[PDB]
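> Pasting a structure below so you can have a look.
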Protein chains: 6
Amino acid sequence: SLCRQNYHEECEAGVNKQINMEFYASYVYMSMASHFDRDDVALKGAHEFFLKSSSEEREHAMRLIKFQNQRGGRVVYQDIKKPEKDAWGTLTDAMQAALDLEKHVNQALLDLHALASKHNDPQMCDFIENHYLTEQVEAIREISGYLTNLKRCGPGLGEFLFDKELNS
Amino acid sequence: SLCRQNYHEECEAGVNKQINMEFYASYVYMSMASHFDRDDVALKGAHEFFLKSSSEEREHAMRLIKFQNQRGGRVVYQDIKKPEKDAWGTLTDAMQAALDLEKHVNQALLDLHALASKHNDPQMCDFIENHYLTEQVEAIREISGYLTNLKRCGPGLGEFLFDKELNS
Amino acid sequence: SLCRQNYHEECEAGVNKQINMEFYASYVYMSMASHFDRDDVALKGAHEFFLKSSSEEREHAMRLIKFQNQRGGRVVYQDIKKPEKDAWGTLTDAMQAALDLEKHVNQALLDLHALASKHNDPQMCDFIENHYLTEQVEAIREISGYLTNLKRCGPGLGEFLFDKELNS
Amino acid sequence: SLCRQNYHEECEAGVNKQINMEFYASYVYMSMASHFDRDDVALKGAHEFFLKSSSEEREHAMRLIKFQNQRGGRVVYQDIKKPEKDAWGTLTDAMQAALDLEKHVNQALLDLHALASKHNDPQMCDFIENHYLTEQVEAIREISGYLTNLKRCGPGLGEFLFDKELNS
Amino acid sequence: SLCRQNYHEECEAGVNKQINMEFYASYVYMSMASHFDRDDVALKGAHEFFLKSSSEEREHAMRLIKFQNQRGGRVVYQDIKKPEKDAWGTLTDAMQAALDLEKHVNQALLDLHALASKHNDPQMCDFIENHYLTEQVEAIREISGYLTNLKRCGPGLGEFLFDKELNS
Amino acid sequence: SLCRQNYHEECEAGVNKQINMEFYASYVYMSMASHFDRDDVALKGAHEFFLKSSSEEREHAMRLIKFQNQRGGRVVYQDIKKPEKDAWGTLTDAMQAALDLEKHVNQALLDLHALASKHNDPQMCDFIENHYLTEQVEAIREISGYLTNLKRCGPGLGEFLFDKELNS
Ligand SMILES: [Cl-]
Ligand SMILES: [Cl-]
Ligand SMILES: [Cl-]
Ligand SMILES: [Cl-]
Ligand SMILES: [Cl-]
Ligand SMILES: [Cl-]
Ligand SMILES: [Cl-]
Ligand SMILES: [Cl-]
Ligand SMILES: [Cl-]
Ligand SMILES: [Cl-]
Ligand SMILES: [Cl-]
Ligand SMILES: [Cl-]
Ligand SMILES: [Cl-]
Ligand SMILES: [Cl-]
Ligand SMILES: [Cl-]
Ligand SMILES: [Cl-]
Ligand SMILES: [Cl-]
Ligand SMILES: [Cl-]
Ligand SMILES: [Cl-]
Ligand SMILES: [Cl-]
Ligand SMILES: [Cl-]
Ligand SMILES: [Cl-]
Ligand SMILES: [Cl-]
Ligand SMILES: [Cl-]
Ligand SMILES: [Cl-]
Ligand SMILES: [Cl-]
Ligand SMILES: [Cl-]
Ligand SMILES: [Cl-]
Ligand SMILES: [Cl-]
Ligand SMILES: [Cl-]
Ligand SMILES: [Cl-]
Ligand SMILES: [Cl-]
Ligand SMILES: [Cl-]
Ligand SMILES: [Cl-]
Ligand SMILES: [Cl-]
Ligand SMILES: [Cl-]
Ligand SMILES: [Cl-]
Ligand SMILES: [Cl-]
Ligand SMILES: [Cl-]
Ligand SMILES: [Cl-]
Ligand SMILES: [Cl-]
Ligand SMILES: [Cl-]
Ligand SMILES: [Cl-]
Ligand SMILES: [Cl-]
Ligand SMILES: [Cl-]
Ligand SMILES: [Cl-]
Ligand SMILES: [Cl-]
Ligand SMILES: [Cl-]
Ligand SMILES: [Cl-]
Ligand SMILES: [Cl-]
Ligand SMILES: [Cl-]
Ligand SMILES: [Cl-]
Ligand SMILES: [Cl-]
Ligand SMILES: [Cl-]
Ligand SMILES: [Cl-]
Ligand SMILES: [Cl-]
Ligand SMILES: [Cl-]
Ligand SMILES: [Cl-]
Ligand SMILES: [Cl-]
Ligand SMILES: [Cl-]
Ligand SMILES: [Cl-]
Ligand SMILES: [Cl-]
Ligand SMILES: [Cl-]
Ligand SMILES: [Cl-]
Ligand SMILES: [Cl-]
Ligand SMILES: [Cl-]
Ligand SMILES: [Cl-]
Ligand SMILES: [Cl-]
Ligand SMILES: [Cl-]
Ligand SMILES: [Cl-]
Ligand SMILES: [Cl-]
Ligand SMILES: [Cl-]
Ligand SMILES: [Cl-]
Ligand SMILES: [Cl-]
Ligand SMILES: [Cl-]
Ligand SMILES: [Cl-]
Ligand SMILES: [Cl-]
Ligand SMILES: [Cl-]
Ligand SMILES: [Cl-]
Ligand SMILES: [Cl-]
Ligand SMILES: [Cl-]
Ligand SMILES: [Cl-]
Ligand SMILES: [Cl-]
Ligand SMILES: [Cl-]
Ligand SMILES: [Cl-]
Ligand SMILES: [Cl-]
Ligand SMILES: [Cl-]
Ligand SMILES: [Cl-]
Ligand SMILES: [Cl-]
Ligand SMILES: [Cl-]
Ligand SMILES: [Cl-]
Ligand SMILES: [Cl-]
Ligand SMILES: [Cl-]
Ligand SMILES: [Cl-]
Ligand SMILES: [Cl-]
Ligand SMILES: [Cl-]
Ligand SMILES: [Cl-]
Ligand SMILES: [Cl-]
Ligand SMILES: [Cl-]
Ligand SMILES: [Cl-]
Ligand SMILES: [Cl-]
Ligand SMILES: [Cl-]
Ligand SMILES: [Cl-]
Ligand SMILES: [Cl-]
Ligand SMILES: [Cl-]
Ligand SMILES: [Cl-]
Ligand SMILES: [Cl-]
Ligand SMILES: [Cl-]
Ligand SMILES: [Cl-]
Ligand SMILES: [Cl-]
Ligand SMILES: [Cl-]
Ligand SMILES: [Cl-]
Ligand SMILES: [Cl-]
Ligand SMILES: [Cl-]
Ligand SMILES: [Cl-]
Ligand SMILES: [Cl-]
Ligand SMILES: [Cl-]
Ligand SMILES: [Cl-]
Ligand SMILES: [Cl-]
Ligand SMILES: [Cl-]
Ligand SMILES: [Cl-]
Ligand SMILES: [Cl-]
Ligand SMILES: [Cl-]
Ligand SMILES: [Cl-]
Ligand SMILES: [Cl-]
Ligand SMILES: [Cl-]
Ligand SMILES: [Fe+3]
Ligand SMILES: [Fe+3]
Ligand SMILES: [Fe+3]
Ligand SMILES: [Fe+3]
Ligand SMILES: [Fe+3]
Ligand SMILES: [Fe+3]
Ligand SMILES: [Fe+3]
Ligand SMILES: [Fe+3]
Ligand SMILES: [Fe+3]
Ligand SMILES: [Fe+3]
Ligand SMILES: [Fe+3]
Ligand SMILES: [Fe+3]
Ligand SMILES: [Fe+3]
Ligand SMILES: [Fe+3]
Ligand SMILES: [Fe+3]
Ligand SMILES: [Fe+3]
Ligand SMILES: [Fe+3]
Ligand SMILES: [Fe+3]
Ligand SMILES: [Fe+3]
Ligand SMILES: [Fe+3]
Ligand SMILES: [Fe+3]
Ligand SMILES: [Fe+3]
Ligand SMILES: [Fe+3]
Ligand SMILES: [Fe+3]
Ligand SMILES: [Fe+3]
Ligand SMILES: [Fe+3]
Ligand SMILES: [Fe+3]
Ligand SMILES: [Fe+3]
Ligand SMILES: [Fe+3]
Ligand SMILES: [Fe+3]
Ligand SMILES: [Fe+3]
Ligand SMILES: [Fe+3]
Ligand code: NA
Ligand code: NA
Ligand code: NA
Ligand code: NA
Ligand code: NA
Ligand code: NA
Ligand code: NA
Ligand code: NA
Ligand code: NA
Ligand code: NA
Ligand code: NA
Ligand code: NA
Ligand code: NA
Ligand code: NA
Ligand code: NA
Ligand code: NA
Ligand code: NA
Ligand code: NA
Ligand code: NA
Ligand code: NA
Ligand code: NA
Ligand code: NA
Ligand code: NA
Ligand code: NA
Ligand code: NA
Ligand code: NA
Ligand code: NA
Ligand code: NA
Ligand code: NA
Ligand code: NA
Ligand code: NA
Ligand code: NA
Ligand code: NA
Ligand code: NA
Ligand code: NA
Ligand code: NA
Ligand code: NA
Ligand code: NA
Ligand code: NA
Ligand code: NA
Ligand code: NA
Ligand code: NA
Ligand code: NA
Ligand code: NA
Ligand code: NA
Ligand code: NA
Ligand code: NA
Ligand code: NA
Ligand code: NA
Ligand code: NA
Ligand code: NA
Ligand code: NA
Ligand code: NA
Ligand code: NA
Ligand code: NA
Ligand code: NA
Ligand code: NA
Ligand code: NA
Ligand code: NA
Ligand code: NA
Ligand code: NA
Ligand code: NA
Ligand code: NA
Ligand code: NA
Ligand code: NA
Ligand code: NA
Ligand code: NA
Ligand code: NA
Ligand code: NA
Ligand code: NA
Ligand code: NA
Ligand code: NA
Ligand code: NA
Ligand code: NA
Ligand code: NA
Ligand code: NA
Ligand code: NA
Ligand code: NA
Ligand code: NA
Ligand code: NA
Ligand code: NA
Ligand code: NA
Ligand code: NA
Ligand code: NA
Ligand code: NA
Ligand code: NA
Ligand code: NA
Ligand code: NA
Ligand code: NA
Ligand code: NA
Ligand code: NA
Ligand code: NA
Ligand code: NA
Ligand code: NA
Ligand code: NA
Ligand code: NA
Ligand code: NA
Ligand code: NA
Ligand code: NA
Ligand code: NA
Ligand code: NA
Ligand code: NA
């Protein structure tokens, strides 16, 4: 490939892994969104919030695909595994699972940064810092505060009202 | 579920199958799009066309997910299998594979319609006719004409110029 | 009648039945609306929601009357029976009765479609699909989610707040 | 009921009677409207005029329902009887029947006023004067002039042209 | 043809037949239009109405031609036979012939729908319902009411005035 | 007919012949247009150009129909014969056939002018000069230059690009 320069095969593989991981997170959120749109669950704020979250994760995957081609790597796709659950429970349960997901993705991003630092790839490090690491910190902090407020609001009416407040 | 009415368990399963099939088609197009954005392939019209195609297929999946919940079914997700190839060849090869994909999806939609007619589900039949069957016919006709023009244009310069003309 | 063509006397009678059924549903909702505007009930969201529902059902009747004349049938009116109750209970009770009403109307629409398919009346089938079957599916799904949220909110304050949120 | 004051049980019953009577008049006009939209009758001015008349009568019913609840009465619904005829004849015949209907409704309104005066209910009397008695006088005078002009115009062409002039 | 799928040779032939039938109806209306523009007939409303009708029928043919190519059929043209008459008589005579024409075309459309249902072609059925069957019902009802009003208006002055009112 | 003056029966017949000839040319172009919209031909510029040409020829027929009635002749319709071919070959073949058609129509227009000069019908001559003869000269010159450029461009890519340039 005429464009490849200072791009190590381990970094290329790490990017292909993160691409799969972002699509996976996209799929989880899709599943959460459809769970909260069940007639017997019917939390329209959660639905909209997880649908938007699913769409954002697809963007994160797509920016990595682009990055792979910009640097002269080869994108290699794997299966996008189905999420661990078919039903995500209450809005509190789902938000806990979402926190776990974002932290898992955050840890993979930090391993990917560590890979790029290790192979002296400053452009890859900056790409990751600039587009992913601060976004991850905000999302985790965001979900964590929701969890605190879901426990403050309590079940029943509290969950209905916390749900109203989700998107604004 | 308090909303379910005249919605047969075979139709619900058929919808879950089509949901997987639309995501799969989405993933194929994503792969085609990244293939045409390689520095050693570099056909920006194809890239944009398959990226838009991938996004449309995700919408088709999402309208089916919605339909499942509107009718009081339960969405059940499966793995989204990786596409058959890592490299899609020339713009002519990819467009042939895309035609094959759209016809495979079209046949599944026609089996799904047949399932809804068989179980006397007129609302499901109309949903499928209204949002999917004509859209499929247009897309197949569209790709077929591209194939005819790719063979008319020939390889090399013809492929470059046919690619310019793709999106408009 | 100079316009009648491929319009079977059983279909004409079925349309006259559905006309009565839509007016009946209109009258139920009128009664629900006046129940929630009692000084000792005083749920203004419910009032407005059932008043709008009553008006929509009158439109559904009127489109069928039109359809009867477009196809060269004769509209034949019957009494519009009074609703089963004078008092509809809590917002949860009324919404349950409304779900039952919409499902009863939906079943009559599906019998009417079955009548038109049976007599090979494709124009009548499409009319019913296009203007009634999807609208019915949305309304039933809508009311069902309200029921789920009314049970989540609980009685007292929950009912007051759920009522605020009804129309938006 | 915490709001009821100087509202006699005979007046409440009289209002429930008038509510039924306004819906009945609504239903008559609905039937007239569908009669003039038959392919073998086809007088589009009459159709539109009786459709608007039917809608106005529904408003008159709905203002009375409101009045019942404002005064702390209980609305009690009865069956809305079907109209006396399935076919209303010429535009002259229908307009004669409409005059008879409006005069019957007017006499019921005047009995209702007499009931409210008798029970010393000045607010109810004013409500009736303000929203119903002058409106009734205008409608009766209006229909009567139409009858005079329908007899002046004569049958055939006169009826076609008088019909053009109905709504403006 | 690379696009053809679930499109039976009998349906393709049925579409070619309907294409001829729509052009034929176009030609009839062209002839009616020129009849009412004769100096010795001179009914400018009829002229304009049949000229617009002729143009609409050409559109109906052209949408079918398109449909044939979208589905991967081959359009096959036949002669467009001249209309049965050179002179169409009074506005009442022409409108009767137009009613007969529209009903003949409507019956062919219903046979074509029956052909597509029989060969399990849901996309073709919906195409026909969506673009043709309701349009046919409206046109037949429309012409029938004109016939009723032409008989109400009578010959001479009535015909002149009914003609004024045709287009609006 | 009260308007006829200096309008010879041979000229009236000549106009009826040209009316048939313009409709025939309309039908040829319709067939060419549908040929270039086949999935296995797929030249969208040609399609649009022949569809517009077909529509223009219908206008030419319609202005002659009008002229017949303005002069107090009687329009007499004949069958519109189907075109000589079902398939028109390459864009070069079709354009050659179109040149032949326009020259055939041009020769008929010049015979018609000769008929009107011969019968001392200056108004008919001017009508033909003003609306037809220069339009014919432009169209023939136009198609001829296309033929020259189609031979310059060559088959394959040249045909694709010449087709892009057709309408602008
Ligand atoms: Cl290195
Ligand atoms: Cl659950
Ligand atoms: Cl988010
Ligand atoms: Cl990027
Ligand atoms: Cl790039
Ligand atoms: Cl792979
Ligand atoms: Cl996993
Ligand atoms: Cl799995
Ligand atoms: Cl759980
Ligand atoms: Cl859990
Ligand atoms: Cl969890
Ligand atoms: Cl991790
Ligand atoms: Cl490191
Ligand atoms: Cl590090
Ligand atoms: Cl490392
Ligand atoms: Cl290092
Ligand atoms: Cl990001
Ligand atoms: Cl944040
Ligand atoms: Cl920040
Ligand atoms: Cl927060
Ligand atoms: Cl809860
Ligand atoms: Cl069933
Ligand atoms: Cl390659
Ligand atoms: Cl697309
Ligand atoms: Cl949907
Ligand atoms: Cl929904
Ligand atoms: Cl699963
Ligand atoms: Cl697979
Ligand atoms: Cl796999
Ligand atoms: Cl390959
Ligand atoms: Cl290949
Ligand atoms: Cl392939
Ligand atoms: Cl398949
Ligand atoms: Cl079936
Ligand atoms: Cl089937
Ligand atoms: Cl089946
Ligand atoms: Cl069945
Ligand atoms: Cl779709
Ligand atoms: Cl298309
Ligand atoms: Cl289409
Ligand atoms: Cl094309
Ligand atoms: Cl190439
Ligand atoms: Cl029948
Ligand atoms: Cl109560
Ligand atoms: Cl509603
Ligand atoms: Cl209707
Ligand atoms: Cl109508
Ligand atoms: Cl009756
Ligand atoms: Cl009942
Ligand atoms: Cl009763
Ligand atoms: Cl109760
Ligand atoms: Cl109850
Ligand atoms: Cl109940
Ligand atoms: Cl029922
Ligand atoms: Cl049936
Ligand atoms: Cl059925
Ligand atoms: Cl049945
Ligand atoms: Cl049957
Ligand atoms: Cl509806
Ligand atoms: Cl809904
Ligand atoms: Cl919907
Ligand atoms: Cl809800
Ligand atoms: Cl309560
Ligand atoms: Cl008192
Ligand atoms: Cl009658
Ligand atoms: Cl009025
Ligand atoms: Cl009031
Ligand atoms: Cl109030
Ligand atoms: Cl009662
Ligand atoms: Cl009565
Ligand atoms: Cl009765
Ligand atoms: Cl009578
Ligand atoms: Cl009478
Ligand atoms: Cl009477
Ligand atoms: Cl009375
Ligand atoms: Cl009194
Ligand atoms: Cl008095
Ligand atoms: Cl009294
Ligand atoms: Cl008194
Ligand atoms: Cl009033
Ligand atoms: Cl007045
Ligand atoms: Cl006044
Ligand atoms: Cl008057
Ligand atoms: Cl009359
Ligand atoms: Cl088949
Ligand atoms: Cl004549
Ligand atoms: Cl029309
Ligand atoms: Cl089409
Ligand atoms: Cl197309
Ligand atoms: Cl042929
Ligand atoms: Cl014939
Ligand atoms: Cl013939
Ligand atoms: Cl005749
Ligand atoms: Cl005749
Ligand atoms: Cl006739
Ligand atoms: Cl027929
Ligand atoms: Cl059939
Ligand atoms: Cl059938
Ligand atoms: Cl058949
Ligand atoms: Cl079959
Ligand atoms: Cl149509
Ligand atoms: Cl109509
Ligand atoms: Cl309609
Ligand atoms: Cl009419
Ligand atoms: Cl006459
Ligand atoms: Cl002469
Ligand atoms: Cl060919
Ligand atoms: Cl042209
Ligand atoms: Cl002219
Ligand atoms: Cl003129
Ligand atoms: Cl003839
Ligand atoms: Cl010929
Ligand atoms: Cl022939
Ligand atoms: Cl050829
Ligand atoms: Cl040739
Ligand atoms: Cl040739
Ligand atoms: Cl010639
Ligand atoms: Cl000469
Ligand atoms: Cl000469
Ligand atoms: Cl000569
Ligand atoms: Cl001479
Ligand atoms: Cl011209
Ligand atoms: Cl030119
Ligand atoms: Cl010029
Ligand atoms: Cl040129
Ligand atoms: Cl070529
Ligand atoms: Fe490198
Ligand atoms: Fe992410
Ligand atoms: Fe919950
Ligand atoms: Fe650093
Ligand atoms: Fe996120
Ligand atoms: Fe069911
Ligand atoms: Fe799709
Ligand atoms: Fe290539
Ligand atoms: Fe349909
Ligand atoms: Fe259908
Ligand atoms: Fe539709
Ligand atoms: Fe597609
Ligand atoms: Fe019939
Ligand atoms: Fe309804
Ligand atoms: Fe309550
Ligand atoms: Fe409803
Ligand atoms: Fe009192
Ligand atoms: Fe009234
Ligand atoms: Fe009459
Ligand atoms: Fe009135
Ligand atoms: Fe086939
Ligand atoms: Fe037509
Ligand atoms: Fe006449
Ligand atoms: Fe069907
Ligand atoms: Fe028509
Ligand atoms: Fe003469
Ligand atoms: Fe011409
Ligand atoms: Fe060619
Ligand atoms: Fe001149
Ligand atoms: Fe001259
Ligand atoms: Fe001039
Ligand atoms: Fe031309
Ligand atoms: Na690197
Ligand atoms: Na990897
Ligand atoms: Na690698
Ligand atoms: Na890899
Ligand atoms: Na991308
Ligand atoms: Na991108
Ligand atoms: Na890329
Ligand atoms: Na970059
Ligand atoms: Na690089
Ligand atoms: Na990989
Ligand atoms: Na899994
Ligand atoms: Na960690
Ligand atoms: Na790190
Ligand atoms: Na990693
Ligand atoms: Na390194
Ligand atoms: Na933050
Ligand atoms: Na909560
Ligand atoms: Na079903
Ligand atoms: Na399934
Ligand atoms: Na199932
Ligand atoms: Na399933
Ligand atoms: Na969705
Ligand atoms: Na959605
Ligand atoms: Na959903
Ligand atoms: Na739906
Ligand atoms: Na359902
Ligand atoms: Na599944
Ligand atoms: Na695979
Ligand atoms: Na197939
Ligand atoms: Na099917
Ligand atoms: Na299927
Ligand atoms: Na079934
Ligand atoms: Na198309
Ligand atoms: Na090519
Ligand atoms: Na029928
Ligand atoms: Na009945
Ligand atoms: Na009947
Ligand atoms: Na009946
Ligand atoms: Na109506
Ligand atoms: Na109406
Ligand atoms: Na009607
Ligand atoms: Na209709
Ligand atoms: Na009919
Ligand atoms: Na009845
Ligand atoms: Na009852
Ligand atoms: Na049922
Ligand atoms: Na049914
Ligand atoms: Na029924
Ligand atoms: Na039948
Ligand atoms: Na819905
Ligand atoms: Na509640
Ligand atoms: Na009183
Ligand atoms: Na009473
Ligand atoms: Na009382
Ligand atoms: Na009472
Ligand atoms: Na009211
Ligand atoms: Na009101
Ligand atoms: Na009220
Ligand atoms: Na009041
Ligand atoms: Na009171
Ligand atoms: Na009562
Ligand atoms: Na009665
Ligand atoms: Na009286
Ligand atoms: Na009085
Ligand atoms: Na009274
Ligand atoms: Na009293
Ligand atoms: Na007055
Ligand atoms: Na009259
Ligand atoms: Na077929
Ligand atoms: Na045929
Ligand atoms: Na065939
Ligand atoms: Na054929
Ligand atoms: Na066309
Ligand atoms: Na077209
Ligand atoms: Na076409
Ligand atoms: Na189509
Ligand atoms: Na096809
Ligand atoms: Na044919
Ligand atoms: Na003939
Ligand atoms: Na028939
Ligand atoms: Na049929
Ligand atoms: Na047919
Ligand atoms: Na078949
Ligand atoms: Na109509
Ligand atoms: Na007349
Ligand atoms: Na002459
Ligand atoms: Na001739
Ligand atoms: Na002659
Ligand atoms: Na002649
Ligand atoms: Na003309
Ligand atoms: Na004209
Ligand atoms: Na003319
Ligand atoms: Na002239
Ligand atoms: Na003349
Ligand atoms: Na002739
Ligand atoms: Na021929
Ligand atoms: Na010549
Ligand atoms: Na000449
Ligand atoms: Na000539
Ligand atoms: Na002469
Ligand atoms: Na020129
Ligand atoms: Na060429």
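Quick note on naming: the chains in the structure tokens go A, B, ... in the order shown, residues restart at 1 in each chain, and ligands are numbered from 1 in order of appearance.
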Find the residues of chain E in contact range of chain B, meaning any atom within 7 Å when counting only C-alpha atoms, and list them as JSON, numbers by chain.

{"E": [2, 3, 70, 71, 123, 126]}

> Could you save the residues just selected, with C-alpha atoms, as a compact mmCIF listing (two decimals), in the first residue's frame?


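Dumped to again01.txt:
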# COMPACT_ATOMS: atom_id res chain seq x y z
CA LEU E 2 -30.28 -9.40 -14.31
CA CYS E 3 -33.24 -7.74 -12.32
CA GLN E 70 -38.60 -2.08 -13.22
CA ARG E 71 -39.57 -5.77 -12.90
CA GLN E 123 -45.35 -6.42 -5.16
CA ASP E 126 -49.67 -3.55 -4.24

> Could you please extract the residues within 7 Å of ligand 86, counting only C-alpha atoms and all ligand atoms, and hand them back as a list in words?

residues 40, 41, 87 and 89 of chain E

> Could you write out the selected residues, including N, CA and C atoms, as a short mmCIF file (atom, residue, chain, number, x, y, z; two decimals), in the first residue's frame?


data_model
loop_
_atom_site.label_atom_id
_atom_site.label_comp_id
_atom_site.auth_asym_id
_atom_site.auth_seq_id
_atom_site.Cartn_x
_atom_site.Cartn_y
_atom_site.Cartn_z
N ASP E 40 -70.03 23.26 -34.29
CA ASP E 40 -71.47 22.90 -34.23
C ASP E 40 -71.77 22.13 -32.94
N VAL E 41 -70.80 22.02 -32.02
CA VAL E 41 -71.05 21.38 -30.72
C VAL E 41 -70.65 22.34 -29.59
N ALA E 87 -68.40 10.41 -33.81
CA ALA E 87 -69.28 11.40 -33.18
C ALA E 87 -69.86 10.79 -31.89
N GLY E 89 -72.27 12.30 -29.80
CA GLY E 89 -73.63 12.76 -29.44
C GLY E 89 -73.60 13.89 -28.43
#

> Within 10 Å of ligand 71, counting only C-alpha atoms and all ligand atoms, which protein or nucleic acid residues do you find, written as an NGL selection string?

(:C and (77-80)) or (:D and (79-84))

> As number ranges by chain, please: the residues near residue 12 in chain A (cut-off 7 Å, only C-alpha atoms, same-chain neighbours under 4 positions excluded).

A: 8, 16, 68, 73

> Can you pull out every residue within 12 Å of residue 49 in chain F, counting only C-alpha atoms, but drop anything in the same chain fewer than 2 positions away, and send it as a ChimeraX atom specification?

/F:29-30,32-34,36-37,43-47,51-56,91,94-95,98,143,146,163-168

> At a cut-off of 9 Å and counting only C-alpha atoms and all ligand atoms, what residues surround ligand 106? Please answer as a list in words.

residues 5, 6, 7, 8, 9, 119, 120 and 121 of chain F

> Can you check which residues of range 8-58 of chain C DSSP gives as alpha helix (DSSP H) on the backbone and send them as a PyMOL selection string?

chain C and resi 9-36+44-58

> Using only C-alpha atoms, please write the residues we just selected to a file, as a short mmCIF file (atom, residue, chain, number, x, y, z; two decimals), in the first residue's frame.


data_model
loop_
_atom_site.label_atom_id
_atom_site.label_comp_id
_atom_site.auth_asym_id
_atom_site.auth_seq_id
_atom_site.Cartn_x
_atom_site.Cartn_y
_atom_site.Cartn_z
CA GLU C 9 -73.93 -7.24 -1.03
CA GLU C 10 -72.14 -8.97 1.97
CA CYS C 11 -69.33 -6.38 1.81
CA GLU C 12 -71.89 -3.49 1.68
CA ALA C 13 -73.59 -4.93 4.79
CA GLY C 14 -70.18 -5.37 6.46
CA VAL C 15 -69.38 -1.69 5.82
CA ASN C 16 -72.79 -0.65 7.33
CA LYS C 17 -71.91 -2.73 10.41
CA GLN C 18 -68.48 -1.13 10.75
CA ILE C 19 -70.05 2.33 10.35
CA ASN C 20 -72.24 1.58 13.41
CA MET C 21 -69.23 0.15 15.27
CA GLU C 22 -67.10 3.33 14.68
CA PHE C 23 -69.92 5.62 15.90
CA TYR C 24 -70.30 3.35 18.91
CA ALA C 25 -66.61 3.68 19.71
CA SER C 26 -67.01 7.45 19.25
CA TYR C 27 -69.85 7.45 21.84
CA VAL C 28 -67.87 5.38 24.40
CA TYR C 29 -65.00 7.90 24.26
CA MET C 30 -67.43 10.81 24.56
CA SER C 31 -68.70 9.15 27.78
CA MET C 32 -65.19 8.56 29.08
CA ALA C 33 -64.32 12.17 28.33
CA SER C 34 -67.30 13.50 30.30
CA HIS C 35 -66.46 11.12 33.19
CA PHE C 36 -62.96 12.66 33.55
CA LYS C 44 -58.01 17.23 32.36
CA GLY C 45 -55.42 15.21 30.33
CA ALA C 46 -57.76 12.20 30.17
CA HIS C 47 -60.69 14.44 29.29
CA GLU C 48 -58.80 15.96 26.33
CA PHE C 49 -57.38 12.61 25.23
CA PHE C 50 -60.80 10.84 25.15
CA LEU C 51 -62.46 13.92 23.53
CA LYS C 52 -59.83 13.74 20.73
CA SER C 53 -60.29 9.92 20.59
CA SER C 54 -64.08 10.41 20.21
CA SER C 55 -63.53 12.86 17.36
CA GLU C 56 -61.14 10.47 15.58
CA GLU C 57 -63.66 7.59 15.75
CA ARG C 58 -66.34 9.88 14.17
#

> If you count only C-alpha atoms and all ligand atoms, which residues end up within 10 Å of ligand 226, as a list in words?

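Selection of residues at most 10 Å from ligand 226: residues 90, 91, 92, 93, 146, 147, 148, 149, 150, 151, 152, 153, 154, 155, 156, 157, 158, 159, 160, 161, 162 and 163 of chain D.
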
> Enumerate residues in contact with ligand 172: an atom-to-atom distance of at most 6 Å, counting only C-alpha atoms and all ligand atoms. Format the result as a list in words.

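If we count only C-alpha atoms and all ligand atoms, the neighbours of ligand 172 turn out to be residues 14, 108, 109, 111 and 112 of chain A.
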